Structure formats: structure tokens, C-alpha cells
């Protein structure tokens, strides 16, 4: 089957379900966290929720740019090799 790489900008709290929904569909998500770059504690909270999102779903998590600040989340079928 075909998998998509989708991008999502996290600004509001609703954007977190959007991410979850995509991973559930089997897609990869590049998450851009720029709106939160100047709110360290909130950034920390959101980042934590994103890692949880990946783990619960069986997928992976990793930072991919520092600027813009971006993390990548994968569905269980796709692994971040090391």
C-alpha cells in the first residue's frame, strides 16, 4: 500500500489529534513546531505529548531540523534505523 509523508504545523492543541490521526492511517508526519519555538515550557509539554503519541502507536520519533524546529513521527510499519 501507499504511505504519505504529511506535514503539520502545531500551533493549537487540536493539531495534536491531526498528527495522531495521520499516524493511525499509516502515514509519516513531519511536525513543525515553530509557533512554539518561543515558549520553552509549552514546547516541552507538546514534545512530550508527541513522543507519547508515537510510542502508544508503536511508531518512532526524532528531530529533523533545528530551524525550522521539526520532528518526524512514523507509524509502526516504518522505523527510524540507527
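Numbering follows the first chain given and starts at 1.
query = Looking at the deposited entry, does 13-21 or 66-74 carry the larger mean Cα B-factor?
reply = Of 66-74 and 13-21, the stretch with the higher C-alpha B-factor average is 13-21.
Higher-scoring stretch by recorded Cα B factor average, 36-44 or 49-57 = Taking the mean C-alpha B-factor of 36-44 and of 49-57, the larger value falls to 36-44.
query = Ranked by Cα temperature factor within the chain, is residue 81 in the lowest third, the middle third or the highest third?
reply = Middle third by C-alpha B-factor.
Among modelled residues of the same chain, the CA temperature factor third for residue 2 = Highest third, going by the recorded CA B-factors of the chain.
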